Amino acid sequence: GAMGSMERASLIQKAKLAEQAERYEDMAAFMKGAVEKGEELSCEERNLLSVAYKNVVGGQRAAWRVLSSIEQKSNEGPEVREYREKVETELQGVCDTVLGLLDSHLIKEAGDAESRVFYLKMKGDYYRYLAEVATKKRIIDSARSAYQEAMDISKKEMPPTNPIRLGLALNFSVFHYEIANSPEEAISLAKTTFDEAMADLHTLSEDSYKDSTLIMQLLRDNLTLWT
Amino acid sequence: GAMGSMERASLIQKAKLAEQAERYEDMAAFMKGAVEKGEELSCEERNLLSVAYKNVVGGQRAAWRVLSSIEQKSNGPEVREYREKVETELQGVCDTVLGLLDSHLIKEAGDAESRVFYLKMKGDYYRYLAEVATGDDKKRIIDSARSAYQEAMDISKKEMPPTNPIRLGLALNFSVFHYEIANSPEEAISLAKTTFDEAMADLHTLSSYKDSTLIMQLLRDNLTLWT
Amino acid sequence: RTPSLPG
Amino acid sequence: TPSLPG
Ligand SMILES: *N1CCC[C@@H]1[C@@H](c1ccccc1)c1cccc(OC)c1
Ligand SMILES: *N1CCC[C@@H]1[C@@H](c1ccccc1)c1cccc(OC)c1
Ligand SMILES: [Cl-]
Ligand SMILES: [Cl-]
Ligand code: NA
Ligand code: NA
Ligand code: NA
Ligand code: NA
């Protein structure tokens, strides 16, 4: 591929420059090339990979929603459907790319808990994005299975305040509410996650307290929205 | 030529959808396809073309400026390499726009307003090339920008009143070219001043007053910065 | 939709 | 220096 002749460290460096320039397609392509060197990603590198693709797919999802709304209104020529399909196909291509990187390179049995949960959460997220545009049962179950494996690891190997564990619970609860037609489960998960983190905040330094409480606040925002 | 099989009217429709979805690369590609049908553009369509490409090139210019700033401060090869990558993509977009204007928007333009609009646009896109060019190539680009702007100036003085907003915006951009690109601040000031005074004389005959006065203040801001 | 993790 | 904003 186009990144095969570039040094791993240069790909990482350019991913950081692309982020500074808000060139997220480039950032994602550099991080993909770095993944393809076959070495594990550090914590910082995992965050670069995630930010890059989040921004790419985020723009596609937002455009898909705009076009789908226009299409739904026009349904009370073929152009609106054609263009919504074009954006949808590009979005699915990016999700397939990410899921491919996760399955071929990043998801392993032998990881530390922090990386294993991070990547399984990511798998759940990208199946969830595919589910948003599908018309779906099998994609929904793939997202559920990935989130559930991540949840099982996170409850056994991480404290209830761990920010990766908290963000996984936040997104799995959104999955329950928005995708899986399970709002009661979504609310229960957000509640118990918030309460179990609250009870352990006293163990945290000032820095860890900030990281954990910021995600707890997001859980509470969703809880107060939903109830 | 990827748009060659799509109806002109469908391309215009999709350009407008792309704008609503903030998909400006798509919007520009659709408008390029429409231009390549070989028919004149309406005023609305000319504005769609300009908005689409300005959003694309504007993002590239901003990224190039971010990277160039990091490069200046750093003074490995990575910053330069990535700046050059963005630079080449920006040059490609400008070459694309210039190719549409030369094949054959300018020569086919059916009225003075459209001809000036396109010749100004030619000056602008050579100016964007000049911002990143060096050496003898920069000197040729600068002469090309000046020649396009000057042809637009000649037409607008013969065919448009001095308050005409298109004429005023041409003078604004040509004066910016003199000051920022051609190292000719005295030409920049003289042009902005003459344009300002000749429009001011006719402000009382206008309904339009809002439009012309807005661009006069843009000329004034530059004069204040420059004097 | 409900907001997910912003990062 | 700013050019025409559109
Ligand atoms: N979300 C998941 C991984 C990447 C992103 C993180 C992050 C980005 C950049 C550096 C470190 C971490 C992120 C960003 C902003 C907020 C959160 O949690 C609320 C997470
Ligand atoms: N700048 C040059 C052509 C496109 C843009 C115009 C415009 C955009 C959209 C519809 C009509 C015109 C524009 C936009 C805003 C301000 C100005 O000049 C002040 C010009
Ligand atoms: Cl399409
Ligand atoms: Cl590069
Ligand atoms: Na290689
Ligand atoms: Na129950
Ligand atoms: Na509430
Ligand atoms: Na380096």
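Just so you know, the numbers here start at 1 and follow the chain as drawn.
Keep in mind that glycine also has a Cβ here, set from the backbone N, Cα and C atoms.
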Checking B:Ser10, B:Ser114, B:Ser144 against Swiss-Prot, the one recorded as phosphoserine is B:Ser10
Which of B:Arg61, B:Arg127, all recorded sites, has a Cβ with the fewest other Cβ atoms inside 10 Å: B:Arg61
Between B:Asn75 and B:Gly76 the model skips 7 residues; how long is the Cα-Cα span in Å? 10
What is the number of residues in the expression tag (B:1-5) that are helix, strand and coil, as DSSP sees it? 0 helix, 0 strand, 5 coil
